[PDB]
Undergrad: 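Let me begin by handing over the structure; questions about it come next.
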Amino acid sequence: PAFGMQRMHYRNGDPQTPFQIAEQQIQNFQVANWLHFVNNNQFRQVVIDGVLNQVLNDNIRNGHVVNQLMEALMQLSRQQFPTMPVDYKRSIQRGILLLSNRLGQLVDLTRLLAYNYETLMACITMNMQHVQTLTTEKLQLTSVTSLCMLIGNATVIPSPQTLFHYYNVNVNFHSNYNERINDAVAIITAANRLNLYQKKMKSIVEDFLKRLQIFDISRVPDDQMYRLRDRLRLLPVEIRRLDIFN
Amino acid sequence: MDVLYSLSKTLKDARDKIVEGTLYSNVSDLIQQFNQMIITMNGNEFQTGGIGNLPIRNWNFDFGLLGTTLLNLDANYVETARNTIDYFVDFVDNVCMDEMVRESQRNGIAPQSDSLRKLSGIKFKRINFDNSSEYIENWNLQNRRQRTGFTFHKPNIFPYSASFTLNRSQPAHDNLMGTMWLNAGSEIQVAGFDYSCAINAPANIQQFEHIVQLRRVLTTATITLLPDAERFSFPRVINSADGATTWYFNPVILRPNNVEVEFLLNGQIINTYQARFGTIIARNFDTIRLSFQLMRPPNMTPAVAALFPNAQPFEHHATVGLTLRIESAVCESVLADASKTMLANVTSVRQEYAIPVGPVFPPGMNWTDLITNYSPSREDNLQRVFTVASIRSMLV
Amino acid sequence: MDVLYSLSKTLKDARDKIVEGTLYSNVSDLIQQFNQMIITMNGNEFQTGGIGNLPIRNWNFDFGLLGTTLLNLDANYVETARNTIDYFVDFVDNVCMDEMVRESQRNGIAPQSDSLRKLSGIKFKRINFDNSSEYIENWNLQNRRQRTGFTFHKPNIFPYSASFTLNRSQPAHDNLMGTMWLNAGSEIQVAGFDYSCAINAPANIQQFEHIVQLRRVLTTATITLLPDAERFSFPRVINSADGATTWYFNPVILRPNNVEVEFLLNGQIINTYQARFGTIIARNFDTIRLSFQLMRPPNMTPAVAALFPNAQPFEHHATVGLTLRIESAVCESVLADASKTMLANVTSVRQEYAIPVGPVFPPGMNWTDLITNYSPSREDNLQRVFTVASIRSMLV
Amino acid sequence: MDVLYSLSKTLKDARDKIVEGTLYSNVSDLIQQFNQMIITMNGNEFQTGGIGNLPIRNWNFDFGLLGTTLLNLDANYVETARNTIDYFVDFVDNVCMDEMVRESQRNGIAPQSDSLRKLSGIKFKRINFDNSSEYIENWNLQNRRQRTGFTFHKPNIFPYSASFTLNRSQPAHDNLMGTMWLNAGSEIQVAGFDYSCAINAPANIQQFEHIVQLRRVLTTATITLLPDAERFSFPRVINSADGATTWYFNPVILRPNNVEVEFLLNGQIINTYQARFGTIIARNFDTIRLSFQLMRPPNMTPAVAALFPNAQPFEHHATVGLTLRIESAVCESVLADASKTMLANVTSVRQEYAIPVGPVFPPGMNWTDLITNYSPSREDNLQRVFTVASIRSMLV
Amino acid sequence: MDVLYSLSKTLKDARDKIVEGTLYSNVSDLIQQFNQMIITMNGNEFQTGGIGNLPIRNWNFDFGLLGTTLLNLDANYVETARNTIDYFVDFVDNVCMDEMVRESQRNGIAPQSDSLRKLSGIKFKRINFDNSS
Ligand SMILES: [Zn+2]
Ligand SMILES: [Zn+2]
Ligand SMILES: [Zn+2]
Ligand SMILES: [Zn+2]
């Protein structure tokens, strides 16, 4: 509406997002460049100390891209909105300016968010695998507005004790995960090598999941239980447990 | 054709008017027309070439609109417009070249290239806007069948012909009476020669006539008529009519007598000029009749009387002449002229890409052959290619 | 240059469109552009210099805006607009004159006058609007390094030269073989003469060749080629090559034989025309090679045989000719032509104010000297002055 | 062109800077530019090579990005980057080869290949970054029409020419006076020979002149001038001017007298050096005029007197020589030179894939013909292909 | 000399790197150096002398800073930068020419022209950066 363009008739399932179409269909450099960034600002994958990490574009980390955002929406504040009623147009442009005039605060907020993310991600010990989950965390855009319009200039970083506690919890969870995998694999392999054909590996997998401490085993689908059994079967036994079994 | 011309005109206007620092009020309507062009051309695939050495080129259109708000145009706006205009201009040039190299005996006025045929669809009519050029204006008028008028400076209406007619002749070619002419471009030089100087002619007058039939009717024509034909007034060795031998011509120039220039339409005298030289007007004609007389001077000085004896040998041959130059005219059909470059453009495009000789035009687009046999199909194809050439000239 | 052209264009539009009784909607955009020009020029002091006899003139701009209140323009509005437009037109004409009379060897394309140099500042970019003239179009294309094109009717590409070459000669000049040519403007007339009429030639054929090198590349050229060269077809008394004596030429015109007109680019044959006369097209060339032959007529009537004996004296000298006129063409560089008045305007401005000879152009603005040594510096300066001359001619 | 250069520069910087163990701060900007290149190229389909034996190749981009938060690069990071770098280098090399084998007469400066034409789109402009090479800098300045020059070590400005001129000669070629020269690359060796040793010449001085016209203006040129021509200082048997017979040359070298070298621009004396040998500077010139003299030694020892008798036969032929070597220079146009490999790269690419001869360059990319007819269109195409060749040599 | 070389180097880097479409990360330090040069040169009057036929030229510096806040450089940015760069390049070329035509028997290693002597003051030392030639 700002550029007098016909409203997009977007088709669901299109391999392009609406912003990807708008980037090609919009000629203004400010808005087009901001759209290009928003289109291509996915996580980057990098292995640090053997841990896979999802890292941000350097322009997010330093907060510079917010300027581009400002640029883009500053242009939106100067646009005619050809056929829009003038009072609604004024309200939209004044909201755009409400966000625009907080350029310094938004750059500071972006840098703070990126720094906090990096510092807390340094404490992650398991690979940060990006998968579209079944359920989501619902984020209210009103909360985003609150964060954008109420952030000041008070830097808040994780406390060293908070970082150490987070790292300790992650290490404990990872170590327990590996140790319970080892126990389950050892027991399954012993049962198979002892020719205990009436043994149910389902009970072993249930005990393993229960010892992982974060699963309500009653709500685990059966196909996933059997897939877990198969994958546990395919693993080799840990050296200490295997020697004891020998 | 109107859609192609409108594309070219919109691109020319965008090049000329979309410049850094100009007020947006100077381009608002132009920007809307440009956006309409973009919308209409978006999502369409075109192919040009595939004939002669002209390369196959594929064109896809996915461009955004110019919707930025400004008081004065800046560098960003001009660069975006420049990119879009460059792509569109390349497409239009290729389409014009593709259409300029094609011809058909049937429906030669209709589009021949696939790109122009697709552009002739209804969905592209939205691209159409101002059609002010002479050639597109004439195209639209002819489609409406109103009188169309192409104004030519020195129209190329006479096919080249340096010829002669011997009304009296003999194998020795020493006592000849006849006419020799050059009809080239907009110029007609004619010269009637009598070797005997009308010594035995009735009343000592010899009459010469030269009829030139124009292939198309010319109107509102300005003509310069001069008594003498400088081309046929020097000693010359001319081949025989069948080329068997050569004869000698040794002119002595006498002023033409009883000069009558008649401009005829359908055999009827539209204009007549008697003993009038300089600038004359032929308002509507398809034929020129130049009648002039070699009159033996009744009184001669001894030097003059020495040139014209009573009998052979005749060493000096009495020649009268006429020069007729069409400075400007108007024709309902397209023609080559000294001021325009459409014939040159079409010929260059056909020669550069080695277009094979087609079934309509003569080889190399030789203008003499084309205008010697200016058939209606040839006229239609020539008008099509000339309009396309002008459209291309707006950009290239 | 773009700002100066835009000033002139705005003034021309104001003169043409601000007329009594006209609807304001006919001038709204024009009035906005004119007021933008007024705003941009206000508060600026300009000076047009005293080079030559041009008076030193100081220009101050303190004008109010044109009104926007009348539904139809009345007499008072037209009078006020006329006053402002007269002052602005005087300023623009003086700036154009001051620019035309200046030249530079280092940067001839850049502005030379201080007023135009000031107008090249960014603060004046607002004045810039529609650039639709051919010369300004080519200026803008040249600045971007794009294919420029100037269309010339009868381009003045050949420097004047009436010369002859004697391939066979002797002190008494009674047995001469050679060529005499005139190269002037768009016209070439060449004539090869043999006094023996190729009696002792290897096959009774005498070969003549004329090479004319164009100082610039010409494209899309319409060219009339005629057999005879009327300029070298009458008796003449011609100075010797060293001026020590005078010799006699008594042409008798024979039909040129094996006429080959080659249009060459970089020494390669771009176009070739054998025995073709009338209108031809040279699509891209920088050199012309006219090869023709004097062929002794194998069969001669008694008079023709009488003209050409087997040995000296040779009283009649066989001559073959060729005329080559460039009716129209396209050149990437600026040139003087029969239609445009740029050279005339620049020369008139320079002569009126007694401009001292500079280090670039010949000391008369003489075209033969300019085109003979058409250097890149000369080309840059000539393009600049011609563009300014067109800008001035829009108003004056 | 700028986008292709930026791709090549990004790939070169990725090879150089993305190394194991390097601080991320050493590559942060480089990694950002590399990711921008990946993002821009992703999802785009390219086709290269349909001319000569250059095979058709199709290129698709679906590559991943590179990390941005690690402190030091490790072997995993480099391994991740290397496959993408290899594919992109292959794509860029093929695009450069495709563009190097193409030419056009209309717009030789504009891209010719389909891949480079697509890269001219606005969306790829984001890939553009530091244009610091000499050729790309000249490209960008020349597009803006700014004064920019290429610096050449031993510029290849003189087309090969080993010729002689005889001012005094006769059928037996025993008493000759004239000059023999070799023009090759940056070298001019000229030798004026007199068989009579100026015995009868006025003041016993024989003057020799040699004019060499450079096809392009050389500026800020260092020249080594030596007073002998070793090439023309030993006995030779030389064909006649028409190849009908061979004559004998038996030089005896006398030092040149009154040596004057005039470096001229547009017929104006820019630099003049008299009796100066060693290093000289020619700041701006297009013509070299070497004037030298053979002076008889007024006093001769018995052997020297025996060499030069008062009359024929002349068995020892006096000779004076000059050697001129352009060590370095600056030219606004691209030239082959002893230091760069641009001409070698273009010729190699054209030969390896059997590119058919086009309408711009001479067959085989012959440099002598190319510099003999160095037209503006040839200059445009040569600059384009040389810039592409430098871009390719950045990676290959 | 180091200040003059740094001016020329900054201008060459600006001409090579400030191009349409380039990421600002490719020019951030260059833009900082360019703005430092503008700040240091603003308000200073220079004169390149009239030795021989070299014209007397006067140079005044009042230029705005090059902008930040762009993710990719656009055409407006490049145009403004080109205007400033053109003026600065003309100034630097004239200063170099003025210094090239002068000489002194003693202290000939020191600057000779007034412009370079002014540039040798402490206040212009801020312009100095990478000396790699
Ligand atoms: Zn005319
Ligand atoms: Zn006959
Ligand atoms: Zn003579
Ligand atoms: Zn010889």
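Note that these values count all heavy atoms, side chains included, but never hydrogens, waters or copies made by symmetry. A note on names: the letters A, B, ... follow the listed sequences, proteins ahead of strands, and every chain is numbered from 1.
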Undergrad: What residue, out of C:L254, C:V330, C:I127, has the most heavy-atom pairs lying under 4.5 Å from chain B?
TA: C:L254
Undergrad: Can you tell me which of B:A172, B:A184, B:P159, B:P171 forms the most heavy-atom pairs within a distance under 4.5 Å of chain C?
TA: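 Winner by heavy-atom pair count: B:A172.
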Undergrad: Let me see the donor-acceptor pairs closer than 3.5 Å between chain B and chain C, or none if nothing turns up.
TA:
unit_1: B:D16; atom_1: O; unit_2: C:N131; atom_2: N; d: 2.7
unit_1: B:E20; atom_1: O; unit_2: C:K125; atom_2: NZ; d: 3.4
unit_1: B:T22; atom_1: N; unit_2: C:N128; atom_2: O; d: 3.4
unit_1: B:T22; atom_1: OG1; unit_2: C:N128; atom_2: O; d: 3.1
unit_1: B:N26; atom_1: ND2; unit_2: C:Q33; atom_2: OE1; d: 2.8
unit_1: B:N72; atom_1: ND2; unit_2: C:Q36; atom_2: OE1; d: 2.9
unit_1: B:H153; atom_1: NE2; unit_2: C:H153; atom_2: NE2; d: 3.3
unit_1: B:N156; atom_1: ND2; unit_2: C:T279; atom_2: OG1; d: 2.5
unit_1: B:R231; atom_1: N; unit_2: C:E230; atom_2: OE2; d: 2.9
unit_1: B:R231; atom_1: NH1; unit_2: C:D228; atom_2: OD2; d: 3.2
unit_1: B:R231; atom_1: NH2; unit_2: C:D228; atom_2: O; d: 3.2
unit_1: B:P235; atom_1: O; unit_2: C:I253; atom_2: N; d: 2.9
unit_1: B:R236; atom_1: NH1; unit_2: C:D228; atom_2: OD1; d: 3.2
unit_1: B:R236; atom_1: NH1; unit_2: C:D228; atom_2: OD2; d: 3.0
unit_1: B:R236; atom_1: NH2; unit_2: C:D228; atom_2: OD2; d: 2.7
unit_1: B:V237; atom_1: N; unit_2: C:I253; atom_2: O; d: 2.8
unit_1: B:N239; atom_1: OD1; unit_2: C:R255; atom_2: NH1; d: 3.4
unit_1: B:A244; atom_1: O; unit_2: C:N299; atom_2: ND2; d: 2.5
unit_1: B:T245; atom_1: OG1; unit_2: C:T301; atom_2: N; d: 3.4
unit_1: B:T246; atom_1: N; unit_2: C:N299; atom_2: O; d: 3.4
unit_1: B:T246; atom_1: O; unit_2: C:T301; atom_2: N; d: 3.1
unit_1: B:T246; atom_1: O; unit_2: C:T301; atom_2: OG1; d: 2.6
unit_1: B:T246; atom_1: OG1; unit_2: C:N299; atom_2: O; d: 2.7
unit_1: B:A338; atom_1: O; unit_2: C:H153; atom_2: ND1; d: 3.1
unit_1: B:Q351; atom_1: OE1; unit_2: C:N271; atom_2: ND2; d: 3.4
unit_1: B:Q351; atom_1: NE2; unit_2: C:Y273; atom_2: OH; d: 3.4

Undergrad: Which one wins on heavy-atom pair count under 4.5 Å against chain B: C:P227, C:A329, C:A282, C:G149?
TA: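 Heavy-atom pair counts peak at C:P227.
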Undergrad: Inspect the surroundings of CG in B:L70 and state if more than 12 heavy atoms from other residues, nucleotides or ligands are less than 6.0 Å away.
TA: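 Above 12, so yes.
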Undergrad: What part of C:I223 lies closer than 4.5 angstrom to a heavy atom of chain B: side chain, backbone, both or neither?
TA: neither
Undergrad: Report which part of B:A244 has an atom under 4.5 Å of a heavy atom belonging to chain C: side chain, backbone, both, or neither.
TA: backbone
Undergrad: Under the ring pair (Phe, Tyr, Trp, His ring centres under 6.0 Å) rule, collect the residues that match up with B:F249, sequence neighbours excluded.
TA: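 B:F249 satisfies ring pair (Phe, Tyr, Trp, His ring centres under 6.0 Å) with B:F193 once adjacent residues are dropped.
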Undergrad: How about C:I205: does its CD1 atom have over 12 heavy atoms from other parts shown lying under 6.0 Å from it?
TA: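 For C:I205, atom CD1 is crowded (more than 12 foreign heavy atoms under 6.0 Å).
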Undergrad: At a heavy-atom separation under 4.5 Å, does B:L182 approach chain C through its side chain, its backbone, both, or neither?
TA: side chain
